[PDB]
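Asks: Structure in structure tokens, see below.
Don't worry about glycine lacking a Cβ; one is built from the backbone with ideal geometry, like all the others, and counts go over all protein chains shown. All of the numbers you see were taken from the coordinates with simple rules; none came from a lab.
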Amino acid sequence: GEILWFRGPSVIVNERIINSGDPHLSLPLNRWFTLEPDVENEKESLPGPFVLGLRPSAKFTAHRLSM
Amino acid sequence: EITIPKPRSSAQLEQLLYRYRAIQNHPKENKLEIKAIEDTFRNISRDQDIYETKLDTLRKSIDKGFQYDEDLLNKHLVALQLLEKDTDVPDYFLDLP
Amino acid sequence: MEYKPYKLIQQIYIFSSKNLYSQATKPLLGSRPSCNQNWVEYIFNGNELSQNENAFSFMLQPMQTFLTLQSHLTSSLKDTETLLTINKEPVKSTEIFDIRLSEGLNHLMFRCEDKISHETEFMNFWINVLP
Amino acid sequence: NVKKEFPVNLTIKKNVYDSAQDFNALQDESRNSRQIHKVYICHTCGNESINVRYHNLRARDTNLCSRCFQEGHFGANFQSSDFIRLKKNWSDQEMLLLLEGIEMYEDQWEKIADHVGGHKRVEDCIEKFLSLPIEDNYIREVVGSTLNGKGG
Amino acid sequence: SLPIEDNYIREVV
Amino acid sequence: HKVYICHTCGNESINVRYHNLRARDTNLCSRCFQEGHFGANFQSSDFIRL
Amino acid sequence: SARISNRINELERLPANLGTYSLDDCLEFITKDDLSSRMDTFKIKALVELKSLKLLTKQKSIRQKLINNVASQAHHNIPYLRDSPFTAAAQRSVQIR
Amino acid sequence: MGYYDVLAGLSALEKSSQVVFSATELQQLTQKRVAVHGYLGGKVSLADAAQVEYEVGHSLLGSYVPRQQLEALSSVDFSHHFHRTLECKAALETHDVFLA
Amino acid sequence: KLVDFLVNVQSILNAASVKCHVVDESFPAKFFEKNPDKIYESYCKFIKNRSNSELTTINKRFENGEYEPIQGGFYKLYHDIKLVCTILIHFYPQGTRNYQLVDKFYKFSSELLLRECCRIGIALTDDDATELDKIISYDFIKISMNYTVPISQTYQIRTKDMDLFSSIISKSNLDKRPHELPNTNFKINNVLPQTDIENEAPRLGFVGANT
Amino acid sequence: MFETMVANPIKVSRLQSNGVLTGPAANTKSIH
Amino acid sequence: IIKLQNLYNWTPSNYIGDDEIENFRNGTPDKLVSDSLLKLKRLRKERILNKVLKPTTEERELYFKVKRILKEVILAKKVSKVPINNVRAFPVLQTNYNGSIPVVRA
Ligand SMILES: [Zn+2]
């Protein structure tokens, strides 16, 4: 029962799986629908990193729980 | 002529549109890629309209009371899958049905 | 422990070198451009931090070797500032320093002293440059 | 005093004819010109947290190559007004929702299209279902049933 | 007993 | 039974080990894999859960 | 050989980070920190198929060793071959002092 | 090589508008077995094997990598290497042809 | 939707708390605020009053029909979850089994509620200083994406030979206890999460090489 | 403080890392 | 003239032929599907006998045709039941981080 000391600080990864297809991640070519930096720049505040990861719906979890 | 070939897939059409959107603002300089791109776009829109009309005619003249047998549909699904992913369909799988 | 927000230091920035960016975006009519092109930036606010937790860690890709550190000071008086790399001493060119890290693990100790009120503030940075 | 066959790992292989239908993990981000990445990530270690700001980059120098489609871009050779004034490929969340819908609603395609989201039509769901890989045990069973029906 | 090569032998012949 | 030991900390791995696909001799704990406590020339894709 | 080389090429052009979402992870209430107990199921299958395709000649060699060492002893281990008058006559003819 | 390949290359890099094709450019863009090993039979002379040309091709790290060397490689460098050779090759080839 | 949603959420929370019993714990059942980021604090105040002037679980609030399909009911559920989790975190020891069980349950339930509420259109609630930012904003147009995530901590020491670090500390993000350095000379290092999302990886033939 | 201490690193042999077999039947030179 | 409504909405599988319309109106599309699958298999065998990997254009067209026929058959509810056999998983990428313990490099 003694503390183990490593030569390097640990690593934190938020999501273990990523949405390989996503307008947030994979920016599409030919954006179809919508001095100073620019007018066309847009920011999006995600409600959390879970938007970039794969999560099941509550409905399917409940369905599987019913059996 | 030049006659830019028909795009093989949708990504090729997207890159055609990107190239056109890049070229637009120098027409007096390019003057030749624009016309071929536009002929290709015309052919594509024509084909899309023809496809829409043919699909409309198809879905409204299918049949009154025909149905597809389940065994044959299952065999066809499995064979389509196998052929799609480069595997092999045994010889006794389609001739006999 | 306790909670001690900073008073002298304010908004330390550590970002990628402008020269690396210029050489990755403009090839000087010579070679090919790179393929990674990842440029980072790390901002640290004087307030809303703690002087009892003054260490920070992050990793960098092997090409992100040249960094630059920009410091702002709330104390509008004359203060003494020293940046220490792996225990050498870089010299500045509001202050701006250019750092060239080494492969492995690097330690940056940024120190401010007031010398009027005689207050010291430290910021430690552990950085990993992967092989 | 049966022929056990090597597994047909269909989920691993790729589509031979139209490779634009593989799972996003198997596709090559080189036909849509997405190989080279231009990223800019700004952190802020303010208050026991970090406000990650992720930025994708597009060349501001390129005129009409990184800007949204608008009516003033196309000339008299186009009929784009109504279309511009008023998705197309799948994702991983949408694929997961499709699998879950098939698992819950077997063939009720409308409930499935509602479970996926308002972006996909019924036809797209039917296409994706047709292109999904099937189990290996079922393939062995079907092929062996045909073989036994031929040989007996 | 491992059908490593059976598929290709079968599809060629 | 059989006993496996993490290559980084002496503690033994329980119920699961992360086999290195390149070293083929060094296995890791679940925690030492979660926190990236392996060498700096290995990536997380070099290990497999067994 | 062409088909085998093509399959090996396709297998090697796969990504290393090849996790799999198993749709049964619902009952395992993963909290973004736990590790899914089925992330490596397509990776394991890909590795198995690749390595089995790369160890083909080894299996061939062991198979031919087995076959040769079981054929050379046909007349001594198989009854209806050992008991024919011709094999017995030949084995006697060899041992004539 | 191919017109759409040239377009994909010029679009990978963001310097697609800095290129102009000529007439000719457009018109041209539209178009025995020696036993090596001995695991199965009696090996032929090593000189004969050397006389033949080997081509694996399908594998990435060749047909053999020693245990220690592979065990002690760097994954980041090889990931970048594969990204340069396998995926970004067309863009670099176009940059070699055009863009001076 | 919202009716079936509440039914599913109740079933899921009942199923996920078999080991933690978080749903079967009793809190004062008369406490409520508006901004969640202060709940614990306010609760403390509450305690003091009702501690010097000297009821229900979550399942009981479900069966009595206390959460309405409006934003009010969802916020009540989120609030009660966070409250019971804070209570049980400050109750159990720092690193025991039930502590981390409660922490895991809180993470799961909070993420579930957030994702689900965002799926039904409900919510529960700048680059000028650096020349790098200047040249980037001059050269490229920036399509942005912002999110926040807490950072972790570890212990760090210096010896005759080298600098050494500890494992990540499993202290929950709800733990408000100030700190307790097990020994002096322990420095507290702040570990920052990983930035890249589409971080590349080598091919499969690289890890399946022939030796 | 802590400047005069030494590391005492933890060494693990690969034989110990993958292939230790245990129990009373661990060694063959045992009646058990 | 050009319509962006068509450029945005187009796929290489949008080339319905008269054979489909006839084999639908006259019933029995299944015969067309079976014959097309036989033709696909024969073309693939010929593609294997001489070493060539890329399928020809006609193979892509037959594949697209079979997919469209089956899609329109299922959509029109012209089948009693649909067989549902799917691998209940699917491949997905996975984050890839590096080790933090630095290299000794003897
Ligand atoms: Zn360990």
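Asks: Could you work out the Kirkwood radius for region H:1-59, taking every pair of different alpha carbons, averaging 1/r and inverting it, reported in Å?
Replies: 16.1 Å
Asks: Region H:26-46 to region A:1-29: how many Å between their Cα centroids?
Replies: One Cα centre to the other: 44 Å.
Asks: With label points built 7 Å along Cα→Cβ from the Cα atoms of H:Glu71 and K:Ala76, find their separation and express it in nm.
Replies: 6.6 nm
Asks: Taking θ as phi - 60°, what are the ³J(HN,Hα) couplings along region I:201-210 by the Karplus curve (6.51, -1.76, 1.60), each to the nearest whole Hz, with x for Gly and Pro?
Replies: 8, x, 6, 6, x, 7, 8, x, 6, 8
Asks: Here are some pairs, B:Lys6/K:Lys67; D:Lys88/K:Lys54; D:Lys88/K:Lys39; K:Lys39/K:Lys67; which of them have Cα atoms lying more than 20 Å apart in this structure?
Replies: B:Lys6/K:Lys67; D:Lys88/K:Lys54; D:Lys88/K:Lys39
Asks: What FRET efficiency, computed as 1/(1 + (r/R0)^6) with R0 = 30 Å and r the Cβ-Cβ distance, is obtained for I:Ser42 and C:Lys78, rounded to the nearest 0.05?
Replies: It comes out at approximately 0.10.
Asks: Find how many whole Å separate the alpha carbon centroid of region C:1-59 from the alpha carbon centroid of region C:73-131.
Replies: Using only Cα atoms, the two centres lie 13 Å from each other.
Asks: Turning to a different aspect of this structure: Provide the net charge surrounding K:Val79, with neighbours chosen by a C-beta distance below 14 Å and charges set as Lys +1, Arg +1, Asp -1, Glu -1.
Replies: So the environment of K:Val79 carries a net charge of -3.
Asks: Local charge sum around K:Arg42 (other residues, Cβ-Cβ under 14 Å, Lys/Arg +1, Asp/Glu -1)? All intermediate terms of the calculation are to be shown ahead of the outcome.
Replies: Working: positive: K:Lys39, K:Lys41, K:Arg44, K:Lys45, K:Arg47; negative: B:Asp88, B:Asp91, B:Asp95, E:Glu11, K:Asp35, K:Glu46, K:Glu58, K:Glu59.
Net charge in that neighbourhood comes out at -3.
Asks: For B:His76, C:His72, what's the fewest-to-most ordering of other Cβ within 10 Å of each Cβ?
Replies: Values: B:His76 22, C:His72 13.
The fewest-first ordering by Cβ neighbours comes to C:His72, B:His76.
Asks: Can you check what the Kirkwood hydrodynamic radius comes to for the protein assembly as shown, Cα pairs only, in Å to one decimal? Display every interim value, and only then the final one.
Replies: Values: mean 1/r = 0.0298 Å⁻¹.
One over the average 1/r among Cα pairs gives 33.5 Å for the protein assembly as shown.
Asks: Another one. Anything over 22 Å Cα to Cα? Flag those among B:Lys85/H:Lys89; B:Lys54/K:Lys71; D:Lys14/G:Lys32; F:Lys2/I:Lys104; D:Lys13/G:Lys58; B:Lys54/D:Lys87, in the order listed.
Replies: Details: B:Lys85/H:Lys89 27 Å; B:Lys54/K:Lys71 15 Å; D:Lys14/G:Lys32 30 Å; F:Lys2/I:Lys104 31 Å; D:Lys13/G:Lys58 25 Å; B:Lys54/D:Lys87 24 Å.
Pairs exceeding the cut-off: B:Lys85/H:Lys89; D:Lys14/G:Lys32; F:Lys2/I:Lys104; D:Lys13/G:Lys58; B:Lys54/D:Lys87.
Asks: Set the Förster radius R0 to 45 Å, insert the Cβ-Cβ distance between G:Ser5 and G:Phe86 as r into 1/(1 + (r/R0)^6), and round the FRET efficiency to 0.05.
Replies: Calculated transfer efficiency: 0.40.
Asks: Once amide H atoms are placed 1.01 Å from N in the peptide plane, what residues at a sequence separation of 5 or more from K:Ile101, or on another chain, have their amide H within under 5 Å of its amide H?
Replies: The answer is F:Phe38, F:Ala40.
Asks: Report the trypsin sites (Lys or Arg not before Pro) located in region D:87-143 that are in a DSSP loop and have at most 14 other Cβ atoms inside 10 Å of their Cβ, or state none.
Replies: Answer by residue number: D:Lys87, D:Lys88, D:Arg121.
Asks: Would you calculate the separation in nanometres between label points at C:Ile86 and B:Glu1, each defined as 7 Å from the Cα along the Cα-to-beta-carbon direction?
Replies: 6.7 nm
Asks: Using Cα-only point scatterers and the Debye equation, what is log10 of I(q)/I(0) for chain G at each q in 0.10, 0.11 Å⁻¹, rounded to two decimals?
Replies: These q points yield log10 I(q)/I(0) values of -0.59, -0.64.
Asks: Next question, about the same structure. Given +1 on the Cβ of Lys and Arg, -1 on the Cβ of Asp and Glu, and no further charges, what dipole in debye does the protein assembly as shown carry about its Cα centre, rounded to the nearest 20? Don't skip to the end; give the middle numbers.
Replies: On the way: 133 positive and 131 negative charges, 646 e Å.
Approximately 3100 debye in magnitude.
Asks: For chain A, rounded, prolate or oblate, judged on the Cα gyration tensor with a ≥ b ≥ c (square roots of eigenvalues), a/c < 1.5 rounded, else prolate if a/b > b/c?
Replies: Because a/c hits 1.5 or more and a/b fails to exceed b/c, chain A counts as oblate.
Asks: From the residues D:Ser131, D:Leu26, D:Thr146, which one has its Cα farthest along the dipole of chain D in the positive direction, the dipole being from +1 and -1 charges on Cβ of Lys/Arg and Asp/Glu about the Cα centre?
Replies: D:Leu26
Asks: Considering only C-alpha atoms, what is the centroid distance from region I:12-91 to region K:1-57, in Å?
Replies: If we compute the Cα centre of each part, the gap is 61 Å.
Asks: Restrict the search to region K:2-101; then list the chymotrypsin sites (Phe, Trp or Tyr not before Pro) that DSSP places in a loop and that have at most 14 other Cβ atoms within 10 Å of their Cβ. Could the numbers behind the result be given before it?
Replies: Numbers: sites: K:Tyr8, K:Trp10, K:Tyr15, K:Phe24, K:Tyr63, K:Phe64, K:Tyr97; in loops: K:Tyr8, K:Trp10, K:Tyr15, K:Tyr97.
Sites meeting the loop and neighbour criteria: K:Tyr15.
Asks: Taking the Cβ of each residue in J:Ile31, K:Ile74 as the centre, tally the other Cβ atoms inside 10 Å and list the residues starting with the fewest.
Replies: J:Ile31, K:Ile74
Asks: Residues with amide H under 5 Å of C:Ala55's amide H, sequence separation 5 or more or different chain, H placed in the peptide plane at 1.01 Å from N; which?
Replies: Those lying under 5 Å, H to H, from C:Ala55 are C:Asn124, I:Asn190.
Asks: Name the residue farthest towards the positive end of the dipole of chain K from the options K:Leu4, K:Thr57, K:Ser100, assuming +1 on Cβ of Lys and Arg, -1 on Cβ of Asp and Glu, about the Cα centre.
Replies: It is K:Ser100.
Asks: Between G:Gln95 and I:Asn35, what is the label-to-label distance in nm when each label sits 7 Å out along the Cα-to-Cβ direction?
Replies: Each label point is offset 7 Å from its Cα along the Cβ direction, giving 10.5 nm.
Asks: Equivalent ellipsoid semi-axes for chain C, as square roots of 5 times the alpha carbon gyration tensor eigenvalues: give them largest first, rounded to whole Å.
Replies: On the way: eigenvalues 185, 50, 33 Å².
The three semi-axes for chain C are 30, 16, 13 Å.
Asks: Can you tell which of H:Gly2, H:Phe78, H:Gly41 lies farthest toward the positive end of the dipole of chain H, using +1 and -1 charges on the Cβ of basic and acidic side chains (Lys, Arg; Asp, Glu)?
Replies: The Cα lying farthest towards the positive end belongs to H:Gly41.
Asks: Shifting gears a bit: Quick one: dipole size for chain K, taken about the Cα centre, charges +1 on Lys/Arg Cβ and -1 on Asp/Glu Cβ, in debye to the nearest 20. Before the final figure, lay out the partial values.
Replies: Numbers: 21 positive and 11 negative charges, 90 e Å.
So the dipole magnitude of chain K works out to roughly 420 debye.
Asks: Using DSSP to define loop residues, name the GluC sites (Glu not before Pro) in region H:42-100 whose beta-carbon has at most 16 other beta-carbon atoms within 10 Å.
Replies: The qualifying sites are H:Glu53, H:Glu55.
Asks: Among A:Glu15, I:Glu66, what is the fewest-to-most ranking by other Cβ atoms within 10 Å? It would help to have the intermediate numbers written out before the result.
Replies: Values: A:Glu15 18, I:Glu66 15.
Neighbour counts put them in this order, fewest first: I:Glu66, A:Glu15.
Asks: Based on the alpha-carbon gyration tensor of chain H and its eigenvalue square roots a ≥ b ≥ c, which shape applies: rounded if a/c is under 1.5, prolate if not and a/b is larger than b/c, or oblate?
Replies: Oblate, because a/c is 1.5 or more while a/b does not exceed b/c.
Asks: Using amide H atoms built 1.01 Å from N in the peptide plane, name the residues 5+ places from F:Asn27, or on other chains, whose amide H lies under 5 Å from its own.
Replies: Under 5 Å from the amide H of F:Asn27 lie the amide H atoms of F:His7, each far enough along the sequence or on another chain.
Asks: Next question, about the same structure. Assuming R0 = 45 Å, can you tell me the calculated FRET efficiency for the pair I:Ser170 and D:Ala20, based on Cβ-Cβ distance, to the nearest 0.05?
Replies: With a Förster radius of 45 Å, E is 0.50.
Asks: Roughly how big is region C:31-131's charge dipole about its Cα centre, with Cβ charges of +1 (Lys, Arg) and -1 (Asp, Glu), in debye to the nearest 20?
Replies: Using Cβ point charges on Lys, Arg, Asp and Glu, region C:31-131 gives about 440 debye.
Asks: Just the number: Rg to Rh for chain B, Cα atoms, Kirkwood Rh, two decimals.
Replies: 1.21
Asks: Would you mind counting up the charge near H:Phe82? Only other residues with Cβ under 9 Å from its Cβ, with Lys and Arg at +1 and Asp and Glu at -1. Mind dumping the intermediate values first?
Replies: On the way: positive: H:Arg84, I:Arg203; negative: H:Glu87, I:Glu200.
Once positives and negatives cancel, what remains is 0.
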